[PDB]
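Contents: one structure, followed by commentary.
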Amino acid sequence: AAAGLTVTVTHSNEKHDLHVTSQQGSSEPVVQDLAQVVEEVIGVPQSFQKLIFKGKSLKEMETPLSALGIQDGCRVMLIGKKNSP
Amino acid sequence: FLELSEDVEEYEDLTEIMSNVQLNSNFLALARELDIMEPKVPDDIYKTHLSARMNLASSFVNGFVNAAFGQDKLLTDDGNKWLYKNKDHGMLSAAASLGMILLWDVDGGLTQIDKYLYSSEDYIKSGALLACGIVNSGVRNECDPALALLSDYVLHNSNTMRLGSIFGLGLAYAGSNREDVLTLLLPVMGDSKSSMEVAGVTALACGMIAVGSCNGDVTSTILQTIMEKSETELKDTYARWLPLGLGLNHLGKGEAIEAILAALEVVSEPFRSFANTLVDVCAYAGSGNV
């Protein structure tokens with residue numbers, strides 16, 4: 001029952017076409033799931049990481065981006081510094 | 001930017017090359033091929049073989065030389081030390097100069113300005129936000145990071161922070177003619193708490209965004225803001241940006257300017273005689289009207 005969706009994450013001249021799916025019991029991928037994937041791939045904390053989609057700011061952690069308008073072929077911008085604790 | 005549908009063939013490449021995404025990569029590649037990449041120091045430009053404002057000018061010319069490159073350690077490694085050593089009002093311009101170095105470099109510029117975004121001084125924060133707008137200026141982006149990045153600062157109460165965000169959005173959406181950007185910045189134009197020069201900068205941003213578009217609501221907001229502002233405080237030294245926005249919005253059109261000047265005829269002579277002439281010449285630019 002994986003709700004797969006394709007997003008093009010771009011940051012620091014580095015781009016990935018991630019097929020991410022909802023994991024934390026949600027019917028659609030959400031900000032929590034995307035933040036978890038970003039933290040697993042890189043490790044930027046949710047406090048200072050900046051995800052940008054269509055010029056819309058990501059401030060609410062519970063806002064579903066699938067409802068906000070992410071579809072296949074959409075691209076998002078990742079802003080932050082890769083932290084290696 | 002031409003806004004079209006994906007039904008056309010190879011639409012992704014067409015919108016990318018229209019967005020100038022590969023502009024920066026090609027420009028750096030050719031600069032390296034010419035070997036013209038080395039950051040030229042402002043000092044050996046000055047030929048010093050034989051002060052706060054002078055150091056500021058040195059930082060500005062360094063940014064001018066290294067513009068669109070993004071390769072300058074002078075404001076990257078010890079940049080925080082340089083701005084800390086800098087005095088008074090120049091930290092905003094130093095950070096904007098760093099954004100000038102990083103212009104058209106979306107990915108690299110945003111990461112190297114993210115650290116300076118959380119700076120302590122209001123001038124450094126505003127300069128960082130203006131640096132972001134310079135970085136995204138000219139080059140178009142699919143997700144348009146500038147709009148989301150400038151979220152609280154677009155109408156932020158602090159004058160300097162609002163000024164940096166507004167100028168950044170103006171440089172970014174310059175020629176985009178984006179309805180969302182216009183519908184978000186024109187209400188900022190309608191703010192009364194902002195200073196006279198802040199209102200002028202909002203008009204400048206609106207004019208450069210809606211240049212050559214004859215945006216009626218932008219013009220109505222410009223005229224309404226001029227009317228609401230009292231004439232005595234209008235005509236001092238800074239209302240000269242409102243006619244500039246009008247001229248940009250009606251750039252290269254002509255003829256219809258009679259309606260704008262007739263509406264503006266209510267203004268007193270000292271500023272009306274300046275504003276109507278400015279909007280007229282900007283609208284009739286490139287025509288040879290003897």
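As shown in the structure tokens, the chain order sets the letters A, B, ...; within each chain, residues go from 1, and ligands are also counted from 1 in the order they appear.
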> Leaving out residue 106 in chain B and any residue of its chain fewer than 3 positions from it, which residues lie within 10 Å of it when counting only C-alpha atoms, given as a list in words?
Replying inline: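 Here the answer would be residues 11, 12, 13 and 77 of chain A; 21, 24, 102, 103, 109, 110, 111, 132, 133, 134, 135, 136, 137, 139, 140, 141, 144, 145 and 146 of chain B.
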Serialized selection, N, CA, C and O atoms, as a short mmCIF file (atom, residue, chain, number, x, y, z; two decimals), in the first residue's frame:
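Okay, part_27.cif is ready:
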```
data_model
loop_
_atom_site.label_atom_id
_atom_site.label_comp_id
_atom_site.auth_asym_id
_atom_site.auth_seq_id
_atom_site.Cartn_x
_atom_site.Cartn_y
_atom_site.Cartn_z
N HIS A 11 19.88 20.33 -4.66
CA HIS A 11 20.62 21.06 -3.63
C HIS A 11 22.11 20.94 -3.92
O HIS A 11 22.59 19.87 -4.28
N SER A 12 22.82 22.06 -3.75
CA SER A 12 24.29 22.08 -3.82
C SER A 12 24.80 21.44 -5.11
O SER A 12 25.69 20.59 -5.09
N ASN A 13 24.21 21.84 -6.23
CA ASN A 13 24.52 21.32 -7.57
C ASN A 13 24.21 19.83 -7.70
O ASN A 13 24.57 19.22 -8.71
N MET A 77 13.45 22.36 -3.92
CA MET A 77 14.77 22.87 -3.58
C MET A 77 15.07 22.60 -2.12
O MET A 77 14.23 22.87 -1.25
N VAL B 21 18.94 27.91 -16.91
CA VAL B 21 19.51 27.03 -15.89
C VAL B 21 20.95 26.68 -16.24
O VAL B 21 21.84 26.70 -15.38
N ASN B 24 24.60 29.56 -16.22
CA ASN B 24 25.73 29.66 -15.29
C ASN B 24 26.78 28.59 -15.58
O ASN B 24 27.98 28.87 -15.57
N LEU B 102 27.43 35.54 -6.67
CA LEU B 102 26.72 34.28 -6.83
C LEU B 102 25.49 34.39 -7.72
O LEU B 102 24.68 33.46 -7.74
N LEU B 103 25.33 35.49 -8.46
CA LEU B 103 24.13 35.63 -9.27
C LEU B 103 24.12 34.59 -10.39
O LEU B 103 25.17 34.17 -10.88
N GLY B 109 24.65 29.39 -4.85
CA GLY B 109 24.43 30.64 -4.13
C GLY B 109 23.54 30.47 -2.92
O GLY B 109 23.81 31.02 -1.85
N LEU B 110 22.46 29.70 -3.06
CA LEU B 110 21.52 29.52 -1.95
C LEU B 110 22.18 28.82 -0.77
O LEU B 110 21.95 29.19 0.38
N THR B 111 22.99 27.79 -1.04
CA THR B 111 23.67 27.09 0.05
C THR B 111 24.69 27.99 0.74
O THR B 111 24.81 27.97 1.97
N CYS B 132 20.00 36.70 -1.96
CA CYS B 132 19.19 35.62 -2.51
C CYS B 132 18.40 36.09 -3.73
O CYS B 132 18.31 35.37 -4.73
N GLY B 133 17.83 37.30 -3.66
CA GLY B 133 17.11 37.83 -4.81
C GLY B 133 18.00 38.08 -6.00
O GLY B 133 17.61 37.84 -7.15
N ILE B 134 19.22 38.57 -5.76
CA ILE B 134 20.19 38.74 -6.83
C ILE B 134 20.55 37.40 -7.45
O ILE B 134 20.67 37.27 -8.68
N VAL B 135 20.72 36.38 -6.61
CA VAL B 135 21.10 35.05 -7.10
C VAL B 135 20.03 34.51 -8.04
O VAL B 135 20.33 34.00 -9.13
N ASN B 136 18.76 34.61 -7.64
CA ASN B 136 17.67 34.11 -8.46
C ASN B 136 17.27 35.10 -9.55
O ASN B 136 16.44 34.76 -10.40
N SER B 137 17.83 36.31 -9.55
CA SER B 137 17.48 37.29 -10.56
C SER B 137 17.95 36.83 -11.94
O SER B 137 19.00 36.20 -12.08
N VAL B 139 17.86 34.43 -13.90
CA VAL B 139 17.67 33.00 -14.11
C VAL B 139 16.31 32.58 -13.55
O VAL B 139 15.91 33.00 -12.45
N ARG B 140 15.58 31.77 -14.31
CA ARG B 140 14.30 31.24 -13.88
C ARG B 140 14.47 29.84 -13.32
O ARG B 140 15.36 29.09 -13.73
N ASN B 141 13.62 29.49 -12.37
CA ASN B 141 13.69 28.21 -11.68
C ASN B 141 12.31 27.57 -11.65
O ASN B 141 11.29 28.26 -11.60
N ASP B 144 11.11 28.00 -8.12
CA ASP B 144 11.23 29.42 -7.78
C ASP B 144 11.53 29.60 -6.30
O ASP B 144 10.65 30.02 -5.53
N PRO B 145 12.75 29.30 -5.85
CA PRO B 145 13.04 29.33 -4.41
C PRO B 145 12.91 30.70 -3.77
O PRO B 145 12.72 30.77 -2.54
N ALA B 146 13.00 31.79 -4.54
CA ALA B 146 12.98 33.12 -3.95
C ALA B 146 11.65 33.42 -3.27
O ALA B 146 11.61 34.05 -2.21
#
```
> Which residues come within 9 Å of range 164-176 of chain B, counting only C-alpha atoms, excluding same-chain residues fewer than 2 positions away, as an MDAnalysis selection string?
Replying inline: chainID B and resid 1:2 92 96 123 125:140 144 146:147 150:151 153:156 159:162 178:179 181:182 185 188 198 201:202 204:212
May I have a table of the residues of chain A lying at most 7 Å from chain B, giving each one's closest pair of atoms and their distance in Å to one decimal, counting only C-alpha atoms, ordered by chain and ascending residue number, as a Markdown table?
```
| residue | atom | partner | partner_atom | distance |
| --- | --- | --- | --- | --- |
| A:11 | CA | B:107 | CA | 5.7 |
| A:12 | CA | B:107 | CA | 5.1 |
| A:13 | CA | B:107 | CA | 5.4 |
| A:52 | CA | B:145 | CA | 5.9 |
| A:53 | CA | B:143 | CA | 5.2 |
| A:54 | CA | B:143 | CA | 4.0 |
| A:55 | CA | B:148 | CA | 4.4 |
| A:56 | CA | B:148 | CA | 4.7 |
| A:57 | CA | B:148 | CA | 4.3 |
| A:75 | CA | B:143 | CA | 6.1 |
| A:76 | CA | B:143 | CA | 5.9 |
| A:77 | CA | B:145 | CA | 6.7 |
| A:79 | CA | B:111 | CA | 5.9 |
| A:80 | CA | B:111 | CA | 6.0 |
| A:81 | CA | B:111 | CA | 6.8 |
```
>> With DSSP run on the backbone, what are the alpha helix (DSSP H) residues within range 141-190 of chain B? I'd like them as a PyMOL selection string.
In response: chain B and resi 145-149+159-172+179-189
Requested write-out: N, CA and C atoms of the selected residues, as an mmCIF file, in the first residue's frame:
```
data_model
loop_
_atom_site.group_PDB
_atom_site.id
_atom_site.type_symbol
_atom_site.label_atom_id
_atom_site.label_comp_id
_atom_site.auth_asym_id
_atom_site.auth_seq_id
_atom_site.Cartn_x
_atom_site.Cartn_y
_atom_site.Cartn_z
ATOM 1 N N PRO B 145 12.750 29.302 -5.851
ATOM 2 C CA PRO B 145 13.037 29.329 -4.408
ATOM 3 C C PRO B 145 12.906 30.701 -3.765
ATOM 4 N N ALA B 146 13.001 31.785 -4.538
ATOM 5 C CA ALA B 146 12.982 33.120 -3.946
ATOM 6 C C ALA B 146 11.648 33.418 -3.272
ATOM 7 N N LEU B 147 10.542 32.978 -3.878
ATOM 8 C CA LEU B 147 9.225 33.278 -3.323
ATOM 9 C C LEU B 147 9.046 32.651 -1.945
ATOM 10 N N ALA B 148 9.478 31.400 -1.780
ATOM 11 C CA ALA B 148 9.351 30.743 -0.482
ATOM 12 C C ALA B 148 10.375 31.275 0.512
ATOM 13 N N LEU B 149 11.588 31.571 0.041
ATOM 14 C CA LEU B 149 12.629 32.074 0.934
ATOM 15 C C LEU B 149 12.235 33.422 1.525
ATOM 16 N N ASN B 159 12.278 47.896 8.635
ATOM 17 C CA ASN B 159 12.396 48.579 7.350
ATOM 18 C C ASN B 159 13.506 47.972 6.500
ATOM 19 N N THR B 160 14.672 47.725 7.102
ATOM 20 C CA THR B 160 15.803 47.216 6.333
ATOM 21 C C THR B 160 15.550 45.794 5.838
ATOM 22 N N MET B 161 14.963 44.939 6.682
ATOM 23 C CA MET B 161 14.670 43.572 6.264
ATOM 24 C C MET B 161 13.635 43.551 5.148
ATOM 25 N N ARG B 162 12.600 44.387 5.261
ATOM 26 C CA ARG B 162 11.598 44.469 4.206
ATOM 27 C C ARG B 162 12.200 45.021 2.920
ATOM 28 N N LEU B 163 13.093 46.008 3.035
ATOM 29 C CA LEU B 163 13.733 46.581 1.853
ATOM 30 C C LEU B 163 14.536 45.531 1.093
ATOM 31 N N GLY B 164 15.311 44.719 1.814
ATOM 32 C CA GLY B 164 16.125 43.712 1.151
ATOM 33 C C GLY B 164 15.290 42.655 0.454
ATOM 34 N N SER B 165 14.229 42.193 1.118
ATOM 35 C CA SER B 165 13.353 41.194 0.512
ATOM 36 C C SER B 165 12.629 41.755 -0.703
ATOM 37 N N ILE B 166 12.133 42.989 -0.602
ATOM 38 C CA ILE B 166 11.367 43.584 -1.693
ATOM 39 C C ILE B 166 12.249 43.786 -2.918
ATOM 40 N N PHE B 167 13.458 44.313 -2.712
ATOM 41 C CA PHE B 167 14.387 44.477 -3.825
ATOM 42 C C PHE B 167 14.779 43.127 -4.410
ATOM 43 N N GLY B 168 14.941 42.115 -3.553
ATOM 44 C CA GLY B 168 15.276 40.788 -4.045
ATOM 45 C C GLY B 168 14.175 40.181 -4.893
ATOM 46 N N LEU B 169 12.925 40.305 -4.439
ATOM 47 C CA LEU B 169 11.799 39.806 -5.223
ATOM 48 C C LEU B 169 11.656 40.565 -6.534
ATOM 49 N N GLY B 170 11.917 41.873 -6.515
ATOM 50 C CA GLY B 170 11.860 42.642 -7.748
ATOM 51 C C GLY B 170 12.881 42.175 -8.766
ATOM 52 N N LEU B 171 14.121 41.956 -8.319
ATOM 53 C CA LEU B 171 15.152 41.454 -9.222
ATOM 54 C C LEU B 171 14.830 40.043 -9.696
ATOM 55 N N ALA B 172 14.275 39.213 -8.812
ATOM 56 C CA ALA B 172 13.929 37.848 -9.194
ATOM 57 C C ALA B 172 12.811 37.837 -10.228
ATOM 58 N N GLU B 179 1.564 36.495 -11.634
ATOM 59 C CA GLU B 179 0.385 36.987 -10.928
ATOM 60 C C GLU B 179 0.528 36.815 -9.420
ATOM 61 N N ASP B 180 1.102 35.692 -8.980
ATOM 62 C CA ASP B 180 1.261 35.453 -7.549
ATOM 63 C C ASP B 180 2.215 36.465 -6.926
ATOM 64 N N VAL B 181 3.351 36.714 -7.580
ATOM 65 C CA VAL B 181 4.314 37.677 -7.050
ATOM 66 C C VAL B 181 3.705 39.073 -7.010
ATOM 67 N N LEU B 182 2.986 39.455 -8.067
ATOM 68 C CA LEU B 182 2.332 40.759 -8.082
ATOM 69 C C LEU B 182 1.287 40.862 -6.976
ATOM 70 N N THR B 183 0.467 39.823 -6.813
ATOM 71 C CA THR B 183 -0.571 39.856 -5.789
ATOM 72 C C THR B 183 -0.016 39.740 -4.376
ATOM 73 N N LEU B 184 1.274 39.445 -4.219
ATOM 74 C CA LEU B 184 1.908 39.418 -2.906
ATOM 75 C C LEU B 184 2.715 40.672 -2.600
ATOM 76 N N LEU B 185 3.236 41.355 -3.621
ATOM 77 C CA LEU B 185 4.042 42.551 -3.403
ATOM 78 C C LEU B 185 3.228 43.836 -3.450
ATOM 79 N N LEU B 186 2.197 43.897 -4.292
ATOM 80 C CA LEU B 186 1.326 45.069 -4.298
ATOM 81 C C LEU B 186 0.645 45.327 -2.956
ATOM 82 N N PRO B 187 0.150 44.327 -2.217
ATOM 83 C CA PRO B 187 -0.291 44.613 -0.841
ATOM 84 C C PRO B 187 0.817 45.167 0.037
ATOM 85 N N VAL B 188 2.065 44.747 -0.184
ATOM 86 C CA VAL B 188 3.186 45.352 0.528
ATOM 87 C C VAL B 188 3.360 46.805 0.102
ATOM 88 N N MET B 189 3.110 47.099 -1.179
ATOM 89 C CA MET B 189 3.054 48.487 -1.629
ATOM 90 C C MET B 189 1.986 49.274 -0.878
#
```
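The set of residues in range 6-52 of chain A assigned to strand (DSSP E or B) by DSSP, using only backbone atoms of this structure, is residues 6, 7, 8, 9, 10, 11, 14, 15, 16, 17, 18, 19, 20, 50, 51 and 52 of chain A.
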>> Applying 7 Å and only C-alpha atoms, which residues near range 30-45 of chain A remain after dropping the ones on its own chain fewer than 2 positions away? List them as a PyMOL selection string.
In response: chain A and resi 22-24+28+47-49+61-66+80-83
If you keep N, CA and C atoms, can you produce a file of those selected residues as a PDB file, in the first residue's frame?
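Writing the result to out.pdb gives the following:
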```
ATOM      1  N   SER A  22       4.654   7.264   1.325  1.00  0.00           N
ATOM      2  CA  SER A  22       4.235   7.459   2.705  1.00  0.00           C
ATOM      3  C   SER A  22       4.628   6.257   3.554  1.00  0.00           C
ATOM      4  N   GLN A  23       5.141   6.532   4.754  1.00  0.00           N
ATOM      5  CA  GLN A  23       5.663   5.469   5.604  1.00  0.00           C
ATOM      6  C   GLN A  23       5.065   5.500   7.006  1.00  0.00           C
ATOM      7  N   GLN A  24       4.753   6.688   7.514  1.00  0.00           N
ATOM      8  CA  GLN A  24       4.267   6.828   8.888  1.00  0.00           C
ATOM      9  C   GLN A  24       2.742   6.769   8.965  1.00  0.00           C
ATOM     10  N   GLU A  28      -0.894   9.390   2.079  1.00  0.00           N
ATOM     11  CA  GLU A  28      -0.104  10.088   1.078  1.00  0.00           C
ATOM     12  C   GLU A  28       1.194  10.563   1.710  1.00  0.00           C
ATOM     13  N   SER A  47      14.896  21.501  11.915  1.00  0.00           N
ATOM     14  CA  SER A  47      14.823  22.871  12.413  1.00  0.00           C
ATOM     15  C   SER A  47      15.298  23.870  11.365  1.00  0.00           C
ATOM     16  N   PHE A  48      16.436  23.596  10.727  1.00  0.00           N
ATOM     17  CA  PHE A  48      17.052  24.542   9.806  1.00  0.00           C
ATOM     18  C   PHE A  48      17.036  24.089   8.352  1.00  0.00           C
ATOM     19  N   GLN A  49      16.565  22.880   8.059  1.00  0.00           N
ATOM     20  CA  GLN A  49      16.403  22.491   6.666  1.00  0.00           C
ATOM     21  C   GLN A  49      15.264  23.284   6.036  1.00  0.00           C
ATOM     22  N   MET A  61       4.659  21.423   9.816  1.00  0.00           N
ATOM     23  CA  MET A  61       5.177  20.068   9.682  1.00  0.00           C
ATOM     24  C   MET A  61       4.103  19.076   9.253  1.00  0.00           C
ATOM     25  N   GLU A  62       2.829  19.376   9.499  1.00  0.00           N
ATOM     26  CA  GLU A  62       1.746  18.440   9.230  1.00  0.00           C
ATOM     27  C   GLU A  62       1.000  18.724   7.932  1.00  0.00           C
ATOM     28  N   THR A  63       1.403  19.734   7.175  1.00  0.00           N
ATOM     29  CA  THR A  63       0.707  20.053   5.931  1.00  0.00           C
ATOM     30  C   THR A  63       1.030  19.012   4.867  1.00  0.00           C
ATOM     31  N   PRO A  64       0.032  18.336   4.292  1.00  0.00           N
ATOM     32  CA  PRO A  64       0.306  17.330   3.253  1.00  0.00           C
ATOM     33  C   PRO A  64       0.658  17.998   1.932  1.00  0.00           C
ATOM     34  N   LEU A  65       1.888  17.771   1.467  1.00  0.00           N
ATOM     35  CA  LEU A  65       2.314  18.324   0.187  1.00  0.00           C
ATOM     36  C   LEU A  65       1.654  17.638  -0.999  1.00  0.00           C
ATOM     37  N   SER A  66       1.179  16.401  -0.831  1.00  0.00           N
ATOM     38  CA  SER A  66       0.400  15.770  -1.890  1.00  0.00           C
ATOM     39  C   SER A  66      -0.882  16.548  -2.150  1.00  0.00           C
ATOM     40  N   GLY A  80      20.332  24.213   2.990  1.00  0.00           N
ATOM     41  CA  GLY A  80      20.950  23.869   4.253  1.00  0.00           C
ATOM     42  C   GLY A  80      22.382  23.432   4.033  1.00  0.00           C
ATOM     43  N   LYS A  81      23.015  23.036   5.133  1.00  0.00           N
ATOM     44  CA  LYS A  81      24.384  22.543   5.113  1.00  0.00           C
ATOM     45  C   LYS A  81      24.403  21.093   5.575  1.00  0.00           C
ATOM     46  N   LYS A  82      25.118  20.249   4.833  1.00  0.00           N
ATOM     47  CA  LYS A  82      25.230  18.834   5.171  1.00  0.00           C
ATOM     48  C   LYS A  82      26.009  18.686   6.472  1.00  0.00           C
ATOM     49  N   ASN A  83      25.323  18.270   7.531  1.00  0.00           N
ATOM     50  CA  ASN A  83      25.929  18.105   8.843  1.00  0.00           C
ATOM     51  C   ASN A  83      26.334  16.653   9.050  1.00  0.00           C
TER      52      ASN A  83
END
```
